[PDB]
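What follows is a short report on a single structure.
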Amino acid sequence: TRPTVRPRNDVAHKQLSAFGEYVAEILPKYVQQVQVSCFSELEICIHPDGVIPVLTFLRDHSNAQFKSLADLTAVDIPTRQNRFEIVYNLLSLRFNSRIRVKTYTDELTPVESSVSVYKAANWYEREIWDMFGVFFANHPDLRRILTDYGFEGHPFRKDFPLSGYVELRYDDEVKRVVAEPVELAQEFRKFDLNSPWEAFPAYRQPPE
Amino acid sequence: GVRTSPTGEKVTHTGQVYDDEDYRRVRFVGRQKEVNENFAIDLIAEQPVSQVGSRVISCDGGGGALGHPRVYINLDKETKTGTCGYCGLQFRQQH
Amino acid sequence: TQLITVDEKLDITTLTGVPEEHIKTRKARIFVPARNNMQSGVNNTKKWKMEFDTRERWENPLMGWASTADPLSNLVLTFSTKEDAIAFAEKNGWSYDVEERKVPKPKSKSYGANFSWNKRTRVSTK
Amino acid sequence: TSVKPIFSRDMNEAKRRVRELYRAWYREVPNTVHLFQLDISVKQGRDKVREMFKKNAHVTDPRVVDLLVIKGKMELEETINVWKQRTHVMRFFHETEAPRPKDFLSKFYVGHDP
Amino acid sequence: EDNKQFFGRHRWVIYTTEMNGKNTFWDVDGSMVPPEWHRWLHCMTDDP
Amino acid sequence: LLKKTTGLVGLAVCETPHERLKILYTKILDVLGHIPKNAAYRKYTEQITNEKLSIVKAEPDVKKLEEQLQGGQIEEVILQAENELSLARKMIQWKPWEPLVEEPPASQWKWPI
Amino acid sequence: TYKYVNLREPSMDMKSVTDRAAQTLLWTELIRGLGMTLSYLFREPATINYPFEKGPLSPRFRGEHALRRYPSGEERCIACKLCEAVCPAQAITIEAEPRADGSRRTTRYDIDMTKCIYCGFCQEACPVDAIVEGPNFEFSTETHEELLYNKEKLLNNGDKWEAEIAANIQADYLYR
Amino acid sequence: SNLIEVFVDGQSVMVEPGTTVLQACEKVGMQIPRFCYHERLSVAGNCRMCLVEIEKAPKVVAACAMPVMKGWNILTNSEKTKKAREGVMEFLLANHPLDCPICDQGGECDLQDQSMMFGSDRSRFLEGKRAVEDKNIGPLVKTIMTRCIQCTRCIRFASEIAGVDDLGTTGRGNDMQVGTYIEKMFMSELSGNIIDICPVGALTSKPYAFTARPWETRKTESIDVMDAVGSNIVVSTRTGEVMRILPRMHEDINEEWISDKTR
Amino acid sequence: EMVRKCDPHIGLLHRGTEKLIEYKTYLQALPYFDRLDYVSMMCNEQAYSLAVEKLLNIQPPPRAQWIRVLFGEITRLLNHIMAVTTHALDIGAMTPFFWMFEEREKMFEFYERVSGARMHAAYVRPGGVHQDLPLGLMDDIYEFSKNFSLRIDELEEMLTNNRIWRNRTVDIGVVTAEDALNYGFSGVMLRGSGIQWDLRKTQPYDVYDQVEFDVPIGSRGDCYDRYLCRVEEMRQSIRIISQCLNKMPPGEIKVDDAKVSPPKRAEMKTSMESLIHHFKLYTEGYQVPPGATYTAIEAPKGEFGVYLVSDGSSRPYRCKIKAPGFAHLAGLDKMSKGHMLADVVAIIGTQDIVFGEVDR
Amino acid sequence: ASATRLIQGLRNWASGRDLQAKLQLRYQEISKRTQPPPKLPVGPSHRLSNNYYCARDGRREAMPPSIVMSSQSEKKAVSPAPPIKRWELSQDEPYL
Ligand code: SF4
Ligand code: SF4
Ligand code: SF4
Ligand code: SF4
Ligand code: FES
Ligand SMILES: [K+]
Ligand SMILES: [Zn+2]
């Protein structure tokens with residue numbers, strides 16, 4: 001398995017497992033799961049009441065010093081009753097490491113804003129408001145950032161269609177760009193691509 | 001091998017031509033209906049049937065890797081030729 | 001306290017931005033998709049799907065393309081269980097119907113039954 | 001059934017917030033008609049505000065109306081601070097959209113939509 | 001050709017003054033080049 | 001030797017780094033004594049803070065102290081001491097050594113779905 | 001493994017101070033910048049004489065689309081719809097049927113050239129080298145629907161540019 | 001009960017006596033690759049794709065035909081099971097024609113899909129392939145016999161469900177041809193269902209032929225109205241136009257077949 | 001004259017790119033990354049390719065990795081020419097714009113010789129690169145690199161010691177190191193502040209642990225040290241290009257797993273397995289094992305990252321794109337306080353901001 | 001390249017650099033536009049024996065993430081990695 005297979009990094013796996021145990025036992029009030037991927041990425045899956053205490057820990061603790069917020073992300077997964085999965089990618093420049101801090105919310109429960117921990121989040125979770133509808137409590141200026149000004153709907157929710165519900169055109173009667181319900185001259189062609197055969201037996205879920 | 005409808009419109013190699021009462025001929029008014037006058041069905045009929053001395057022939061379309069994937073054609077039917085499903089060339093066992 | 005008690009039905013239809021025409025006139029279909037009978041694999045029959053009733057597709061006058069006006073014509077959603085799909089459709093105000101999962105019943109197989117002494121299940125060739 | 005609130009502990013605080021948002025929109029409509037130099041009246045714009053408030057008037061969840069007040073405050077901030085153009089204000093008035101068939105018989109005449 | 005000119009100036013076309021019925025004495029056009037000279041002029045090959 | 005600049009913009013050079021680190025480490029330990037003993041934050045932070053304080057008390061030099069504290073410049077070691085102090089003062093209020101406040105739903109971290 | 005841009009202390013002896021003051025009062029670096037601009041003034045410019053001189057292209061160039069043929073006139077496209085499956089912008093629209101000699105051929109091969117991202121995934125998905133993205137880049141139109149190519153237009157682009165397309169494929173097929 | 005305990009990859013499962021290895025692996029949610037096994041046809045055991053390692057046994061068994069013994073540990077993912085699958089897929093693809101672009105089975109091919117999932121990624125066959133004379137078995141089923149992998153689902157369907165006994169294998173060895181041996185027209189009331197169960201594009205639908213391709217079709221689940229059976233079907237459409245009609249599995253109606261009028 | 005508050009309204013180029021990625025396969029979603037940082041095309045290709053190859057648990061061949069690093073540094077020259085010359089053009093120095101876009105035209109010719117497109121190449125793919133280098137390309141890359149230092153020298157003649165350029169950059173947009181780390185800055189925005197951080201050095205990817213180069217580090221956190229950092233990164237990119245041209249290994253350019261990278265067209269037309277794999281990789285695509293990665297590269301604007309979530313299918317379930325310019329333009333409001341309106345265009349220039357990656 | 005030596009001397013004086021040694025316009029030093037055909041090599045998996053795909057299957061060695069902690073003594077405090085080594089100043093050109 002030398003030439004075409006990715007080489008496995010066992011040292012980083014052991015070190016991130018040790019630090020995941022470390023964070024899970026320093027903060028048992030909020031840490032729900034700790035996992036390390038096969039390509040050596042640590043994920044701390046927490047309760048959403050511990051957004052500020054965990055992120056303040058990793059930013060300020062002398063064994064963590066995750067001073068940089070690389071990226072802040074939501075994921076819509078509609079089969080969960082807490083469908084939105086808020087993802088904090090963090091970078092420690094002191095220990096040259098990356099961690100992932102994951103939590104959850106539904107449409108109505110607010111997540112506490114992490115602008116007091118990382119100012120970088122000021123736009124990111126603002127975008128999570130615009131793209132997913134996750135409200136962030138105590139954000140300084142929470143509003144839309146990417147959509148049009150009269151835009152109804154949170155587009156990166158997976159029940160939002162690819163083309164939207166409206167489309168613009170100029171109308172010369174009213175001398176104005178107007179919004180109408182979207183009619184495509186060619187419909188987007190949905191391709192059902194998934195093979196009916198199991199691809200990865202290591203990921204087989206136990207049946208009902 | 002293009003022919004013409006009684007409306008004066010060239011029938012394409014698919015067989016498409018608008019009806020007389022079809023309004024969509026108005027897009028060609030003052031302009032032209034671009035057809036290709038090299039019908040592939042009329043050009044592949046012009047090729048000679050290759051007489052080979054084998055029972056199974058292989059075709060790749062010529063050019064090696066510049067043709068189609070290499071298929072194998074059985075020639076056991078003496079009633080009918082064996083036609084390549086890609087390039088349309090056809091083969092006959094010479095016995 | 002910092003927790004309130006909302007005994008109401010969960011309804012987010014005023015927050016999704018979906019227009020009323022595509023909430024109250026749509027029928028969501030909740031189903032496990034059938035196995036494609038061109039194939040014996042069953043990995044496409046493991047999840048619940050939500051789709052909608054197909055609306056009008058017409059011919060583009062210029063190119064003959066399939067023009068549509070239905071925004072929800074490609075919206076296929078994936079759910080681990082039936083109750084997650086039902087809860088997602090009820091939360092969004094979609095009128096839904098559910099088809100239950102059709103499993104293949106366990107067959108009785110025997111290679112020796114191809115060569116019975118006195119039963120009709122002999123194979124005439126193999 | 002114990003959920004974390006957004007702003008309102010019950011529906012009465014929620015109705016207070018709905019009411020203050022309606023007051024702010026009602027005050028804003030003449031300034032919006034003036035500085036966007038619209039072709040509508042102030043009364044017609046206040047009718048559109050009342051229509052958009054009555055559109056959501058069936059909600060019984062405090063968190064949903066808290067998000068509705070939050071989104072109304074956001075639209076109000078986009079209107080006061082001139083971030084919307086004239087077109088975003090006039091999108092509430094679906095004017096170039098032809099009126100849809102409402103009864104059964106005209107929807108039967110035009111096509112297949114129920 | 002002029003291979004003493006730098007790369008880009010070293011191959012050029014003086015267009016015809018009449019092509020396919022159209023006067024091109026002043027109305028020269030980049031699409032007037034036939035495909036066999038279009039490899040050479042755009043330097044897809046060394047060979048005319 | 002009086003280092004001219006730290007190289008980091010806005011991180012001013014400390015005239016007496018040893019005394020400032022002793023003050024900050026004993027202040028971290030004084031704040032950290034108000035945490036319960038079985039809490040892992042207290043045990044781990046006492047361990048690393050006593051290690052850093054013994055390294056500071058064992059080395060009179062500034063350069064060698066930087067190369068064996070292994071946290072970069074001495075002024076960002078001071079900055080990390082201030083950050084750990086602020087953190088421990090917040091960890092008293094948060095009380096995160098408590099049990100888990102709520103289990104997730106049953107398939108909340110199940111991937112793929 | 002790192003270096004310090006701009007960490008120089010200027011010398012404070014009278015020589016260097018008077019050098020910096022002659023720079024300040026006599027504008028020496030401004031004359032240096034005028035010298036460099038004057039130096040490009042007397043260079044031959046890099047300007048080619050378009051449309052008579054053309055920008056240099058490679059044989060891999062991805063321009064206008066063309067449906068190709070065999071060396072018998074038979075069209076190479078056997079309607080397999082791999083190009084429209086791989087097409088990242090869904091620009092390719094294909095309908096097919098068996099024609100009068102029973103051959104698997106298309107009745108619709110449309111490419112919306114205003115959806116097309118010109119990435120050439122269609123010509124590398126194509127198993128028979130039917131669709132290619134040829135060398136024409138000068139095909140600007142005056143109307144939007146003139147950039148909505150059907151099968152007739154694409155087969156005519158193949159018949160138009162085939163003498164060039166075949167030679168470009170002849171140059172680059174051993175890299176593919 | 002009389003349920004015996006067996007193991008699939010170490011996982012215990014309680015199965016009825018007579019249950020095959022493949023069905024025991026199905027009960028833990030694992031689908032063994034197959035070409036000739038069909039759960040509504042008789043067990044043939046002649047493609048050898050389902051060969052799986054039983055541990056402490058130095059020979060793979062055909063999982064579609066072998067009954068489980070008590071205490072077997074079926075190793076569905078072990079090294080020699082995967083080597084067996086790759087060897088069998090190599091022999092299936094040795095003489096198989098390079099027809100995937102011009103074949104109607106492409107995209108919905110069992111041979112393609114479980115070659116992608118269980119076979120190798122490349123060829124060693126340096127020889128010339130065989131080519132088979134095509135057959136005319138009627139106006140419904142187009143027949144391209146070079147694509148045939150000789151799994152004999154033809155013959156078992158026509159014998160056991162259609163009740164015809166007019167398909168078979170003539171010849172012997174690599175020249176073994178599935179066919180009727182004569183110019184015979186296979187027109188049963190259920191004659192198009194062999195288009196379903198043929199895992200390759202050797203038997204395709206002649207009216208569906210060349211017109212569409214499976215990934216671009218929309219699958220609407222619907223009901224037959226051609227008689228009062230109420231056969232569950234999939235109307236596959238493509239851009240607002242009905243392409244074809246497949247069956248749905250309903251165990252109590254139409255088990256997974258439809259009639260030729262329906263199809 | 002002063003600026004009290006700067007509120008950048010964006011979304012004017014929000015295209016919904018990463019929702020369009022969710023309905024496309026992995027190979028199909030690769031050309032969206034050419035169009036995010038649309039002056040740094042093959043670098044974003046590389047970040048997406050490394051994300052997918054990390055989730056696929058495969059690795060590119062060595063020659064593909066050296067081609068990726070070579071074209072990554074050519075791409076870095078492209079982006080810093082764009083950065084420096086438009087940053088000088090908006091201030092008023094319009095002439096080195098035209099002086100350096102001829103060199104930028106020649107590097108677009110390098111892209112077009114290797115891929116067929118001048119900008120959006122779709123060349124760096126998960127599994128390697130799409131196609132091997134044509135013959136004579138490395139000679140011309142050497143002929144470019146042999147002369148490009150003189151171009152940097154005359155750019156640096158026109159701007160660096162110029163007192164008008166130093167008045168518009170030296171005390172403008174001063175960023176402290178702690179505020180740069182807290183605001184999510186990356187790349188030159190950290191390195192002008194004196195932060196010693198570079199992902200090619202610290203968290204190295206394809207063969208950047210095998211090339212030798214230096215990291216330019218600022219001292220004052222301003223526009224001028226960031227200008228000097230970008231000029232010196234062009235110097236070091238020329239250095240890495242020399243090391244890549246000398247240490248280019250023989251071999252294949254795709255991974256030799258034909259279930260991930262498509263086979264050659266000669267064997268697609270000859271072998272049965274190769275035709276099946278060509279078919280399925282260009283219609284369904286390869287299945288990626290389920291999981292979420294955050295793969296970051298040192299793009300010429302900073303940390304460019306992809307948080308890619310796969311569910312086991314041939315299409316991405318989620319693809320979040322971290323751009324450097326998003327956090328940079330968020331920190332614009334802090335960087336512009338206490339300055340003038342004509343300083344704002346210089347601070348928008350010193351943050352290398354391309355709104356394709358900012359808005360997605 | 002066709003500049004007269006008077007203009008060439010004025011140009012080199014004004015720039016301060018020998019510009020003819022490094023010209024930005026390209027001439028006969030570049031590669032031919034017509035090249036010989038390549039013979040590209042094959043990778044390591046182009047073998048006729050000992051080349052089973054299961055022994056080089058990268059996608060099927062990827063595992064689900066190992067759950068280190070789940071909610072269903074004097075041990076050393078750890079960090080996510082060792083502390084980063086201080087970068088060394090360049091011997092090539094430190095500007096110092
Ligand atoms: S070049 Fe790309 S976008 Fe254009 S038709 Fe081909 S595959 Fe589609
Ligand atoms: S152009 Fe090529 S890929 Fe597209 S349908 Fe035709 S043969 Fe297939
Ligand atoms: S039967 Fe399957 S593997 Fe064979 S040519 Fe048809 S699609 Fe390809
Ligand atoms: S034609 Fe199809 S079903 Fe019949 S034996 Fe051959 S592969 Fe099997
Ligand atoms: S499936 Fe068991 S051998 Fe064919
Ligand atoms: K079939
Ligand atoms: Zn042929």
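How things are named: the first chain in the structure tokens is A, the next is B, and so on; residues count from 1 in each chain; ligands count from 1 in the order shown.
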Within 6 Å of ligand 1, counting only C-alpha atoms and all ligand atoms, residues as a ChimeraX atom specification:
/G:87-89,91-92,116-122
Taking only C-alpha atoms and all ligand atoms into account, which residues have an atom no farther than 6 Å from ligand 7? I'd like them as an NGL selection string.
:B and (59-61 or 84 or 86-87 or 89)
Just need the residues of chain C within 9 Å of chain F, counting only C-alpha atoms, so spit them out as number ranges by chain.
C: 47, 78-80
Store the residues of this selection in a file with C-alpha atoms, as a short mmCIF file (atom, residue, chain, number, x, y, z; two decimals), in the first residue's frame.
data_model
loop_
_atom_site.label_atom_id
_atom_site.label_comp_id
_atom_site.auth_asym_id
_atom_site.auth_seq_id
_atom_site.Cartn_x
_atom_site.Cartn_y
_atom_site.Cartn_z
CA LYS C 47 -33.11 5.72 3.38
CA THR C 78 -33.09 12.25 2.71
CA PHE C 79 -34.15 11.00 6.14
CA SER C 80 -32.86 8.23 8.37
#
Pick out each residue of chain J that DSSP on the backbone tags as alpha helix (DSSP H); I need them as a PDB file with N, CA, C and O atoms, in the first residue's frame.
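Saved result, states_12.pdb, follows:
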ATOM      1  N   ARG J   5      22.532  50.593 -30.926  1.00  0.00           N
ATOM      2  CA  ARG J   5      23.377  50.607 -29.739  1.00  0.00           C
ATOM      3  C   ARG J   5      23.407  51.961 -29.044  1.00  0.00           C
ATOM      4  O   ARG J   5      23.718  52.016 -27.854  1.00  0.00           O
ATOM      5  N   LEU J   6      23.059  53.042 -29.744  1.00  0.00           N
ATOM      6  CA  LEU J   6      22.877  54.328 -29.081  1.00  0.00           C
ATOM      7  C   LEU J   6      21.636  54.312 -28.197  1.00  0.00           C
ATOM      8  O   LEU J   6      21.692  54.694 -27.021  1.00  0.00           O
ATOM      9  N   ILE J   7      20.505  53.863 -28.749  1.00  0.00           N
ATOM     10  CA  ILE J   7      19.270  53.743 -27.976  1.00  0.00           C
ATOM     11  C   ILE J   7      19.416  52.673 -26.904  1.00  0.00           C
ATOM     12  O   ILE J   7      18.915  52.822 -25.785  1.00  0.00           O
ATOM     13  N   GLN J   8      20.143  51.605 -27.220  1.00  0.00           N
ATOM     14  CA  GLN J   8      20.419  50.541 -26.263  1.00  0.00           C
ATOM     15  C   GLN J   8      21.273  51.039 -25.103  1.00  0.00           C
ATOM     16  O   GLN J   8      21.014  50.703 -23.943  1.00  0.00           O
ATOM     17  N   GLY J   9      22.251  51.899 -25.392  1.00  0.00           N
ATOM     18  CA  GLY J   9      23.065  52.469 -24.333  1.00  0.00           C
ATOM     19  C   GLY J   9      22.312  53.472 -23.480  1.00  0.00           C
ATOM     20  O   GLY J   9      22.465  53.486 -22.256  1.00  0.00           O
ATOM     21  N   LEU J  10      21.500  54.327 -24.114  1.00  0.00           N
ATOM     22  CA  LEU J  10      20.642  55.257 -23.377  1.00  0.00           C
ATOM     23  C   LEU J  10      19.649  54.517 -22.495  1.00  0.00           C
ATOM     24  O   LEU J  10      19.390  54.920 -21.356  1.00  0.00           O
ATOM     25  N   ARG J  11      19.118  53.413 -22.999  1.00  0.00           N
ATOM     26  CA  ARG J  11      18.140  52.614 -22.280  1.00  0.00           C
ATOM     27  C   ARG J  11      18.769  51.911 -21.084  1.00  0.00           C
ATOM     28  O   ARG J  11      18.195  51.904 -19.985  1.00  0.00           O
ATOM     29  N   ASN J  12      19.966  51.345 -21.270  1.00  0.00           N
ATOM     30  CA  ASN J  12      20.669  50.717 -20.160  1.00  0.00           C
ATOM     31  C   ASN J  12      21.152  51.739 -19.142  1.00  0.00           C
ATOM     32  O   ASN J  12      21.247  51.420 -17.953  1.00  0.00           O
ATOM     33  N   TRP J  13      21.476  52.956 -19.579  1.00  0.00           N
ATOM     34  CA  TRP J  13      21.854  53.989 -18.623  1.00  0.00           C
ATOM     35  C   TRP J  13      20.658  54.457 -17.815  1.00  0.00           C
ATOM     36  O   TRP J  13      20.772  54.682 -16.607  1.00  0.00           O
ATOM     37  N   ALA J  14      19.509  54.631 -18.469  1.00  0.00           N
ATOM     38  CA  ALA J  14      18.333  55.140 -17.782  1.00  0.00           C
ATOM     39  C   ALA J  14      17.774  54.120 -16.803  1.00  0.00           C
ATOM     40  O   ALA J  14      17.341  54.482 -15.704  1.00  0.00           O
ATOM     41  N   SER J  15      17.778  52.841 -17.180  1.00  0.00           N
ATOM     42  CA  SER J  15      17.328  51.809 -16.255  1.00  0.00           C
ATOM     43  C   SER J  15      18.371  51.486 -15.199  1.00  0.00           C
ATOM     44  O   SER J  15      18.017  51.049 -14.100  1.00  0.00           O
TER      45      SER J  15
END
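Distance check against chain E using only C-alpha atoms: of J:28, J:70, J:4, J:91, the minimum falls on J:28.
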What are the residues of chain H that have an atom within 12 Å of an atom of chain I, counting only C-alpha atoms, as number ranges by chain?
H: 86, 89-103, 105-129, 147, 213-216
Might you pull out every residue within 7 Å of residue I:253, with only C-alpha atoms counted and same-chain residues fewer than 6 positions away left off, and present them as a ChimeraX atom specification?
/I:61,63-64,128-129,131-132
For residue I:197, find every residue with an atom within 9 Å (counting only C-alpha atoms), except residues of its own chain fewer than 4 positions away, and show them as a list in words.
residues 93 of chain A; 186, 187, 190, 191, 201, 202 and 215 of chain I
Closest contacts (chain A/chain I, max 9 Å, only C-alpha atoms) as JSON lines:
{"residue": "A:3", "atom": "CA", "partner": "I:61", "partner_atom": "CA", "distance": 7.3}
{"residue": "A:4", "atom": "CA", "partner": "I:59", "partner_atom": "CA", "distance": 5.5}
{"residue": "A:5", "atom": "CA", "partner": "I:58", "partner_atom": "CA", "distance": 4.3}
{"residue": "A:6", "atom": "CA", "partner": "I:58", "partner_atom": "CA", "distance": 4.4}
{"residue": "A:7", "atom": "CA", "partner": "I:59", "partner_atom": "CA", "distance": 8.0}
{"residue": "A:8", "atom": "CA", "partner": "I:57", "partner_atom": "CA", "distance": 8.8}
{"residue": "A:37", "atom": "CA", "partner": "I:291", "partner_atom": "CA", "distance": 8.0}
{"residue": "A:38", "atom": "CA", "partner": "I:57", "partner_atom": "CA", "distance": 8.7}
{"residue": "A:39", "atom": "CA", "partner": "I:54", "partner_atom": "CA", "distance": 6.8}
{"residue": "A:41", "atom": "CA", "partner": "I:293", "partner_atom": "CA", "distance": 7.5}
{"residue": "A:67", "atom": "CA", "partner": "I:181", "partner_atom": "CA", "distance": 6.2}
{"residue": "A:68", "atom": "CA", "partner": "I:181", "partner_atom": "CA", "distance": 5.4}
{"residue": "A:69", "atom": "CA", "partner": "I:184", "partner_atom": "CA", "distance": 5.5}
{"residue": "A:70", "atom": "CA", "partner": "I:184", "partner_atom": "CA", "distance": 6.3}
{"residue": "A:71", "atom": "CA", "partner": "I:322", "partner_atom": "CA", "distance": 6.0}
{"residue": "A:72", "atom": "CA", "partner": "I:322", "partner_atom": "CA", "distance": 8.5}
{"residue": "A:73", "atom": "CA", "partner": "I:320", "partner_atom": "CA", "distance": 6.8}
{"residue": "A:74", "atom": "CA", "partner": "I:320", "partner_atom": "CA", "distance": 8.5}
{"residue": "A:75", "atom": "CA", "partner": "I:318", "partner_atom": "CA", "distance": 7.0}
{"residue": "A:76", "atom": "CA", "partner": "I:318", "partner_atom": "CA", "distance": 8.7}
{"residue": "A:89", "atom": "CA", "partner": "I:294", "partner_atom": "CA", "distance": 7.6}
{"residue": "A:93", "atom": "CA", "partner": "I:197", "partner_atom": "CA", "distance": 7.5}
{"residue": "A:96", "atom": "CA", "partner": "I:202", "partner_atom": "CA", "distance": 6.8}
{"residue": "A:97", "atom": "CA", "partner": "I:203", "partner_atom": "CA", "distance": 8.6}
{"residue": "A:100", "atom": "CA", "partner": "I:294", "partner_atom": "CA", "distance": 8.7}
{"residue": "A:117", "atom": "CA", "partner": "I:182", "partner_atom": "CA", "distance": 8.2}
{"residue": "A:118", "atom": "CA", "partner": "I:182", "partner_atom": "CA", "distance": 5.5}
{"residue": "A:119", "atom": "CA", "partner": "I:183", "partner_atom": "CA", "distance": 5.2}
{"residue": "A:120", "atom": "CA", "partner": "I:183", "partner_atom": "CA", "distance": 4.2}
{"residue": "A:121", "atom": "CA", "partner": "I:183", "partner_atom": "CA", "distance": 8.0}
{"residue": "A:122", "atom": "CA", "partner": "I:330", "partner_atom": "CA", "distance": 7.6}
{"residue": "A:123", "atom": "CA", "partner": "I:330", "partner_atom": "CA", "distance": 6.6}
{"residue": "A:124", "atom": "CA", "partner": "I:327", "partner_atom": "CA", "distance": 8.4}
{"residue": "A:145", "atom": "CA", "partner": "I:11", "partner_atom": "CA", "distance": 6.4}
{"residue": "A:146", "atom": "CA", "partner": "I:11", "partner_atom": "CA", "distance": 4.0}
{"residue": "A:147", "atom": "CA", "partner": "I:11", "partner_atom": "CA", "distance": 6.2}
{"residue": "A:148", "atom": "CA", "partner": "I:11", "partner_atom": "CA", "distance": 7.5}
{"residue": "A:155", "atom": "CA", "partner": "I:19", "partner_atom": "CA", "distance": 8.1}
{"residue": "A:156", "atom": "CA", "partner": "I:19", "partner_atom": "CA", "distance": 6.3}
{"residue": "A:158", "atom": "CA", "partner": "I:19", "partner_atom": "CA", "distance": 8.8}
{"residue": "A:162", "atom": "CA", "partner": "I:20", "partner_atom": "CA", "distance": 7.2}
{"residue": "A:190", "atom": "CA", "partner": "I:23", "partner_atom": "CA", "distance": 8.3}
{"residue": "A:191", "atom": "CA", "partner": "I:23", "partner_atom": "CA", "distance": 8.8}
{"residue": "A:192", "atom": "CA", "partner": "I:284", "partner_atom": "CA", "distance": 8.7}
{"residue": "A:193", "atom": "CA", "partner": "I:284", "partner_atom": "CA", "distance": 5.2}
{"residue": "A:194", "atom": "CA", "partner": "I:313", "partner_atom": "CA", "distance": 6.3}
{"residue": "A:195", "atom": "CA", "partner": "I:284", "partner_atom": "CA", "distance": 7.9}
{"residue": "A:199", "atom": "CA", "partner": "I:287", "partner_atom": "CA", "distance": 7.1}
{"residue": "A:200", "atom": "CA", "partner": "I:289", "partner_atom": "CA", "distance": 6.7}
{"residue": "A:203", "atom": "CA", "partner": "I:290", "partner_atom": "CA", "distance": 7.6}
9 Å shell around ligand 2 using only C-alpha atoms and all ligand atoms, listed as a PyMOL selection string:
(chain B and resi 86) or (chain G and resi 67-68+76-86+92+94-96+105-106+109+122-132) or (chain H and resi 101-102)
Interface rows for chain B against chain G: nearest pair, Å to one decimal, 12 Å, only C-alpha atoms, as CSV:
residue,atom,partner,partner_atom,distance
B:10,CA,G:152,CA,12.0
B:11,CA,G:152,CA,11.4
B:12,CA,G:152,CA,8.0
B:13,CA,G:107,CA,8.6
B:14,CA,G:107,CA,5.6
B:15,CA,G:107,CA,8.8
B:16,CA,G:107,CA,9.0
B:27,CA,G:145,CA,10.9
B:31,CA,G:146,CA,11.8
B:33,CA,G:152,CA,9.5
B:34,CA,G:152,CA,6.6
B:35,CA,G:152,CA,5.4
B:36,CA,G:152,CA,5.6
B:37,CA,G:156,CA,9.0
B:38,CA,G:73,CA,7.4
B:39,CA,G:73,CA,7.9
B:40,CA,G:74,CA,4.5
B:41,CA,G:74,CA,7.1
B:42,CA,G:74,CA,8.6
B:43,CA,G:73,CA,5.4
B:44,CA,G:74,CA,5.6
B:45,CA,G:101,CA,9.1
B:46,CA,G:72,CA,8.5
B:47,CA,G:72,CA,7.2
B:48,CA,G:72,CA,10.5
B:60,CA,G:128,CA,9.7
B:61,CA,G:70,CA,7.5
B:62,CA,G:71,CA,8.5
B:63,CA,G:71,CA,9.6
B:64,CA,G:173,CA,10.9
B:65,CA,G:173,CA,8.1
B:66,CA,G:129,CA,7.3
B:67,CA,G:128,CA,6.0
B:68,CA,G:128,CA,4.5
B:69,CA,G:128,CA,7.1
B:70,CA,G:128,CA,10.5
B:83,CA,G:103,CA,9.5
B:84,CA,G:103,CA,9.4
B:85,CA,G:103,CA,7.0
B:86,CA,G:78,CA,6.3
B:87,CA,G:74,CA,6.6
B:88,CA,G:74,CA,7.3
B:89,CA,G:72,CA,8.9
B:90,CA,G:101,CA,11.9
